[PDB]
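The chain below stands alone and is given as C-alpha coordinates, in the form deposited in one PDB entry.
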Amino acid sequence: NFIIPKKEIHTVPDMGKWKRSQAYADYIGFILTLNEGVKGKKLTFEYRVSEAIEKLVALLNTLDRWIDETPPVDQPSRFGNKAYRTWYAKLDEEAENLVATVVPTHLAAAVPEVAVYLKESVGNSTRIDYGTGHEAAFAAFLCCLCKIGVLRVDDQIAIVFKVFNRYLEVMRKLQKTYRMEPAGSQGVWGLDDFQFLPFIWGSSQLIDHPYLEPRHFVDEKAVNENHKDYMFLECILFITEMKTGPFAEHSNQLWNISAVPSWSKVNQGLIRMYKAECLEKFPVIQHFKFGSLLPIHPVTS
(Lines give C-alpha, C1' and ligand atoms only; values in the text may rest on other atoms or scores of the structure.)
Protein backbone atom coordinates (compact mmCIF):
# COMPACT_ATOMS: atom_id res chain seq x y z
CA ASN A 1 0.00 0.00 0.00
CA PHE A 2 2.81 2.44 -0.82
CA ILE A 3 1.70 6.05 -1.26
CA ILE A 4 3.43 9.38 -1.74
CA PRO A 5 4.16 10.75 1.79
CA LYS A 6 2.33 13.95 2.67
CA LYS A 7 2.22 16.51 5.45
CA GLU A 8 -0.10 15.70 8.37
CA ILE A 9 1.07 18.24 10.97
CA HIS A 10 -1.08 21.27 10.20
CA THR A 11 -2.14 22.41 13.67
CA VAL A 12 -0.41 22.43 17.01
CA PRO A 13 -2.60 19.60 18.33
CA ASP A 14 -1.36 17.52 15.38
CA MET A 15 1.98 17.58 17.20
CA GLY A 16 0.20 15.19 19.51
CA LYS A 17 -0.97 12.82 16.78
CA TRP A 18 2.63 12.90 15.46
CA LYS A 19 4.02 12.07 18.88
CA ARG A 20 1.57 9.15 19.12
CA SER A 21 2.12 7.92 15.54
CA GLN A 22 3.67 4.77 14.15
CA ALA A 23 5.92 7.12 12.18
CA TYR A 24 7.23 8.68 15.37
CA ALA A 25 7.70 5.33 17.03
CA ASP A 26 9.55 3.92 14.04
CA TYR A 27 11.63 7.07 13.63
CA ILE A 28 12.74 7.51 17.19
CA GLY A 29 13.26 3.74 17.46
CA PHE A 30 15.47 3.91 14.37
CA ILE A 31 17.47 6.86 15.76
CA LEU A 32 17.91 5.17 19.13
CA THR A 33 18.72 1.72 17.78
CA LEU A 34 21.46 3.20 15.58
CA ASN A 35 22.58 5.27 18.57
CA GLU A 36 22.97 2.05 20.53
CA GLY A 37 24.69 0.30 17.61
CA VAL A 38 27.46 2.88 17.18
CA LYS A 39 28.13 3.31 20.91
CA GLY A 40 31.83 3.49 21.74
CA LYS A 41 32.86 2.81 18.13
CA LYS A 42 35.22 4.78 15.89
CA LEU A 43 34.21 5.49 12.28
CA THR A 44 36.85 3.04 11.11
CA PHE A 45 35.30 0.21 13.12
CA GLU A 46 35.07 -3.00 11.04
CA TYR A 47 31.37 -3.12 10.23
CA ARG A 48 29.82 -5.17 7.40
CA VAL A 49 29.02 -3.35 4.15
CA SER A 50 26.06 -4.62 2.12
CA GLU A 51 25.38 -4.07 -1.57
CA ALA A 52 22.55 -1.70 -0.61
CA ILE A 53 25.00 0.32 1.48
CA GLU A 54 27.40 0.59 -1.45
CA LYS A 55 24.50 1.63 -3.68
CA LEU A 56 23.47 4.25 -1.09
CA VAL A 57 27.03 5.59 -1.02
CA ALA A 58 27.02 5.60 -4.83
CA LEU A 59 23.79 7.56 -4.78
CA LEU A 60 25.44 10.22 -2.55
CA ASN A 61 28.50 10.23 -4.83
CA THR A 62 26.33 10.99 -7.82
CA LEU A 63 24.85 13.88 -5.82
CA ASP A 64 28.40 15.02 -5.04
CA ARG A 65 29.54 14.81 -8.67
CA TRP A 66 26.54 16.91 -9.63
CA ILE A 67 27.79 19.63 -7.27
CA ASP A 68 31.15 19.65 -9.05
CA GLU A 69 29.40 19.78 -12.42
CA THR A 70 27.26 22.65 -11.13
CA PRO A 71 29.63 25.47 -10.07
CA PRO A 72 28.38 28.50 -8.12
CA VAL A 73 27.49 31.39 -10.42
CA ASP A 74 28.61 34.96 -9.78
CA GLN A 75 25.72 36.95 -8.33
CA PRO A 76 24.76 40.16 -6.46
CA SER A 77 23.05 38.50 -3.50
CA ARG A 78 25.41 37.62 -0.70
CA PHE A 79 23.44 34.66 0.63
CA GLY A 80 22.77 31.28 -0.97
CA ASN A 81 24.22 30.85 -4.46
CA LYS A 82 21.50 30.25 -7.06
CA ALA A 83 23.49 27.42 -8.64
CA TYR A 84 22.08 25.42 -5.71
CA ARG A 85 18.75 25.46 -7.52
CA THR A 86 20.36 24.01 -10.66
CA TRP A 87 21.83 21.18 -8.59
CA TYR A 88 18.58 20.59 -6.72
CA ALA A 89 16.60 20.36 -9.96
CA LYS A 90 18.76 17.39 -10.96
CA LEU A 91 17.93 15.58 -7.72
CA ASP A 92 14.28 16.51 -7.97
CA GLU A 93 14.04 15.00 -11.45
CA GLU A 94 16.21 11.97 -10.88
CA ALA A 95 15.28 11.11 -7.30
CA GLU A 96 13.22 8.05 -8.15
CA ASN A 97 15.69 6.73 -10.72
CA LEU A 98 18.41 7.18 -8.11
CA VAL A 99 16.44 5.41 -5.44
CA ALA A 100 15.71 2.65 -7.98
CA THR A 101 19.43 1.79 -7.96
CA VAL A 102 19.08 1.06 -4.25
CA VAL A 103 15.64 -0.54 -3.99
CA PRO A 104 15.33 -3.93 -5.75
CA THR A 105 13.42 -4.12 -9.01
CA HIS A 106 10.57 -6.19 -7.55
CA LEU A 107 9.99 -3.56 -4.83
CA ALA A 108 9.86 -0.75 -7.39
CA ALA A 109 6.42 0.18 -5.99
CA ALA A 110 8.20 1.56 -2.92
CA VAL A 111 10.59 3.80 -4.84
CA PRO A 112 8.28 6.84 -5.27
CA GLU A 113 7.35 6.84 -1.59
CA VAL A 114 10.93 6.48 -0.41
CA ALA A 115 12.22 9.01 -2.93
CA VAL A 116 10.13 11.80 -1.37
CA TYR A 117 12.20 11.61 1.79
CA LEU A 118 15.36 11.85 -0.34
CA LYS A 119 14.05 14.97 -2.05
CA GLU A 120 13.40 16.54 1.37
CA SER A 121 16.81 15.84 2.77
CA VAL A 122 19.16 18.28 1.08
CA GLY A 123 17.81 21.72 1.91
CA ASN A 124 15.25 24.20 0.73
CA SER A 125 15.59 25.41 -2.86
CA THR A 126 13.56 28.56 -2.18
CA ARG A 127 15.70 30.26 0.45
CA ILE A 128 18.66 28.01 -0.28
CA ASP A 129 19.00 26.90 3.29
CA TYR A 130 19.35 23.72 5.27
CA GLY A 131 18.17 22.69 8.73
CA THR A 132 17.59 19.73 11.06
CA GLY A 133 14.30 19.16 9.27
CA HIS A 134 16.14 18.14 6.10
CA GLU A 135 18.51 16.01 8.09
CA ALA A 136 15.50 14.28 9.67
CA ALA A 137 14.15 13.65 6.15
CA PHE A 138 17.36 11.79 5.31
CA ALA A 139 17.02 9.71 8.48
CA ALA A 140 13.40 8.97 7.51
CA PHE A 141 14.56 7.95 4.01
CA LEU A 142 16.94 5.46 5.61
CA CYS A 143 14.27 4.29 8.07
CA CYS A 144 11.94 3.54 5.14
CA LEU A 145 14.60 1.38 3.53
CA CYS A 146 14.78 -0.65 6.73
CA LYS A 147 11.05 -1.17 6.79
CA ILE A 148 11.00 -2.68 3.29
CA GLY A 149 13.97 -4.93 3.99
CA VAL A 150 16.71 -3.11 2.10
CA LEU A 151 18.63 -2.34 5.28
CA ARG A 152 18.72 -4.77 8.21
CA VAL A 153 20.00 -4.86 11.78
CA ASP A 154 23.35 -6.00 10.40
CA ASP A 155 23.64 -2.72 8.52
CA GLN A 156 23.04 -0.39 11.48
CA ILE A 157 26.64 0.65 11.98
CA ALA A 158 27.22 1.12 8.22
CA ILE A 159 24.08 3.25 7.99
CA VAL A 160 25.69 5.81 10.33
CA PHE A 161 29.41 5.41 9.66
CA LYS A 162 29.23 5.03 5.95
CA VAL A 163 25.95 6.28 4.59
CA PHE A 164 25.03 9.04 6.97
CA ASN A 165 28.68 9.99 7.24
CA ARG A 166 28.98 10.38 3.44
CA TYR A 167 25.70 12.26 3.42
CA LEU A 168 27.13 14.80 5.90
CA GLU A 169 30.21 15.33 3.69
CA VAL A 170 27.99 16.04 0.71
CA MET A 171 25.83 18.40 2.82
CA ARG A 172 28.90 20.31 4.01
CA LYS A 173 29.99 20.59 0.37
CA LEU A 174 26.54 21.89 -0.50
CA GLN A 175 26.57 24.34 2.41
CA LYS A 176 30.01 25.74 1.58
CA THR A 177 29.75 25.64 -2.20
CA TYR A 178 26.37 27.29 -2.44
CA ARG A 179 26.82 29.51 0.61
CA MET A 180 23.67 28.05 2.14
CA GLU A 181 22.00 29.63 5.17
CA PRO A 182 20.78 27.82 8.29
CA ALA A 183 17.08 27.04 8.03
CA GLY A 184 14.73 29.31 9.96
CA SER A 185 16.44 30.78 12.99
CA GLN A 186 18.31 27.55 13.70
CA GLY A 187 21.48 29.61 13.28
CA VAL A 188 20.60 31.28 16.57
CA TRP A 189 18.69 28.81 18.80
CA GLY A 190 19.79 25.48 17.34
CA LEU A 191 22.46 23.19 18.78
CA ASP A 192 24.20 23.71 15.42
CA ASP A 193 23.44 25.90 12.43
CA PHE A 194 22.74 22.88 10.20
CA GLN A 195 22.90 19.47 11.83
CA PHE A 196 21.85 17.59 14.91
CA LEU A 197 21.91 13.80 14.45
CA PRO A 198 25.67 13.55 14.03
CA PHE A 199 25.99 15.13 17.46
CA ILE A 200 23.78 12.43 18.93
CA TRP A 201 25.36 9.49 17.13
CA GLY A 202 28.73 11.15 17.39
CA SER A 203 28.47 11.60 21.13
CA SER A 204 27.36 7.93 21.34
CA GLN A 205 30.59 6.91 19.59
CA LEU A 206 32.51 8.77 22.26
CA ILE A 207 30.75 7.38 25.33
CA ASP A 208 33.37 6.14 27.79
CA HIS A 209 36.17 7.28 25.48
CA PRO A 210 39.40 6.83 27.46
CA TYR A 211 40.64 10.35 26.74
CA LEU A 212 38.23 12.54 24.83
CA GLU A 213 35.72 14.37 26.99
CA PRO A 214 33.13 16.91 25.80
CA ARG A 215 35.52 19.71 26.81
CA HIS A 216 37.89 18.41 24.13
CA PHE A 217 35.49 19.06 21.28
CA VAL A 218 36.32 22.77 21.58
CA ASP A 219 40.02 21.85 21.66
CA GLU A 220 41.32 22.55 18.15
CA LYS A 221 44.16 20.06 18.32
CA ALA A 222 41.86 17.28 19.49
CA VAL A 223 39.49 18.16 16.66
CA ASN A 224 42.20 18.45 14.01
CA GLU A 225 43.78 15.13 14.97
CA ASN A 226 40.75 12.93 15.52
CA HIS A 227 37.94 14.16 13.34
CA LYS A 228 38.28 11.29 10.82
CA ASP A 229 37.36 8.77 13.54
CA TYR A 230 34.57 10.72 15.21
CA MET A 231 31.53 12.21 13.58
CA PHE A 232 30.98 14.72 16.42
CA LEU A 233 34.48 16.17 15.97
CA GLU A 234 34.17 16.26 12.18
CA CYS A 235 31.17 18.51 12.70
CA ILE A 236 33.19 20.75 14.94
CA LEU A 237 35.98 20.84 12.37
CA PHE A 238 33.50 22.10 9.81
CA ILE A 239 32.51 24.83 12.26
CA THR A 240 36.12 25.90 12.90
CA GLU A 241 37.04 25.99 9.22
CA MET A 242 33.94 28.01 8.35
CA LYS A 243 33.78 30.30 11.38
CA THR A 244 36.03 32.82 13.12
CA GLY A 245 36.23 33.68 16.80
CA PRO A 246 35.14 32.07 20.11
CA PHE A 247 32.56 29.27 20.20
CA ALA A 248 30.71 31.25 22.86
CA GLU A 249 30.00 33.82 20.16
CA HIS A 250 29.24 31.76 17.04
CA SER A 251 28.31 28.38 18.56
CA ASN A 252 27.03 29.16 22.04
CA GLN A 253 24.95 26.02 22.59
CA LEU A 254 27.87 23.78 21.67
CA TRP A 255 30.18 25.92 23.79
CA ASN A 256 27.86 25.31 26.75
CA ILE A 257 27.46 21.66 25.92
CA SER A 258 31.26 21.25 25.95
CA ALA A 259 31.02 21.97 29.68
CA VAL A 260 28.88 18.85 30.19
CA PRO A 261 31.17 16.34 32.00
CA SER A 262 30.61 13.15 30.01
CA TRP A 263 29.75 12.01 26.53
CA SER A 264 27.14 9.78 28.12
CA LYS A 265 25.37 12.86 29.50
CA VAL A 266 25.93 14.70 26.24
CA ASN A 267 24.23 11.82 24.38
CA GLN A 268 21.29 11.53 26.76
CA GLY A 269 20.95 15.27 26.89
CA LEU A 270 21.16 15.65 23.11
CA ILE A 271 18.49 13.01 22.63
CA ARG A 272 16.19 15.00 24.91
CA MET A 273 17.25 18.21 23.22
CA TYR A 274 16.71 16.67 19.78
CA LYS A 275 13.14 15.87 20.70
CA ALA A 276 12.73 19.42 21.97
CA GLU A 277 14.46 21.46 19.22
CA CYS A 278 13.58 19.26 16.28
CA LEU A 279 11.02 16.49 16.78
CA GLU A 280 8.76 18.47 19.12
CA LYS A 281 9.36 21.84 17.47
CA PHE A 282 6.35 22.62 15.32
CA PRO A 283 8.17 25.05 12.94
CA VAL A 284 10.80 22.43 12.25
CA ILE A 285 8.93 19.12 12.22
CA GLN A 286 5.64 20.32 10.72
CA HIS A 287 7.06 19.53 7.28
CA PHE A 288 7.53 15.86 8.01
CA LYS A 289 5.82 13.68 5.40
CA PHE A 290 3.77 10.58 6.21
CA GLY A 291 2.91 7.70 3.88
CA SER A 292 2.54 3.94 4.40
CA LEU A 293 6.06 3.25 5.65
CA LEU A 294 6.03 6.11 8.19
CA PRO A 295 2.26 6.52 8.75
CA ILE A 296 0.45 9.07 10.85
CA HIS A 297 -1.83 6.43 12.40
CA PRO A 298 -1.28 5.69 16.11
CA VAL A 299 1.54 3.25 16.78
CA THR A 300 0.53 -0.44 16.94
CA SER A 301 2.46 -3.67 17.63
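Rigid core (definition): largest C-alpha set, two forms, superposition within 1.5 Å. When you see a residue number, it is the position in the sequence shown, counting from 1.
What follows is about the form solved in complex with a partner chain, which we do not show.
Q: Flag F238 as yes or no: does it have a non-hydrogen atom within 4.5 angstroms of any non-hydrogen atom of the partner chain in the deposited bound form?
A: Yes, contact at 4.5 Å.
Q: With heavy atoms only and a cut-off of 4.5 Å, decide whether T126 touches the partner chain in the deposited bound form.
A: Taking the distances in the deposited bound form, the answer for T126 is yes, it comes within 4.5 Å of the partner chain.
Q: Hey, in the deposited bound form, does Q286 get a heavy atom within 4.5 angstroms of the partner chain?
A: Yes, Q286 sits close enough to the partner chain in the deposited bound form that at least one of its heavy atoms falls within 4.5 Å.
Q: Indicate whether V73 is a 4.5 Å heavy atom neighbour of the partner chain in the deposited bound form.
A: Taking the distances in the deposited bound form, the answer for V73 is no, it never comes within 4.5 Å of the partner chain.
Q: Would you point out which of 150 to 158, 219 to 227, 173 to 181, 102 to 110 contains residues with a non-hydrogen atom within 4.5 Å of the partner chain in the deposited bound form?
A: Within 4.5 Å of the partner lies stretch 173 to 181.
Q: May I ask you to choose, among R166, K82, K90, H209, the residue with a heavy atom within 4.5 Å of the partner chain in the deposited bound form?
A: It is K82 that has a heavy atom within 4.5 Å of the partner.
Q: Taking 4.5 Å between heavy atoms as the contact cutoff, choose which of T62, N252, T33, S50 touches the partner chain in the deposited bound form.
A: It is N252 that has a heavy atom within 4.5 Å of the partner.
Q: Fit the core first: which of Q195, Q186, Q156, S121 then shifts its CA by 2 Å or more between the shown form and the other one?
A: Single residue meeting the criterion: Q186.
Q: Align both forms on the core first, then report whether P76 has a C-alpha shift of 2 Å or more between the shown form and the other one.
A: Yes.
Q: Might you say whether the CA atoms of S185 and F194 end up closer or farther apart in the deposited bound form than in this form? Their distance differs by 3 Å or more.
A: Their C-alpha distance shrinks by at least 3 Å in the deposited bound form.
Q: Compared with this form, is the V122-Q186 Cα separation smaller or larger in the deposited bound form, the difference being 3 Å or more?
A: Those two alpha carbons end up farther apart in the deposited bound form.
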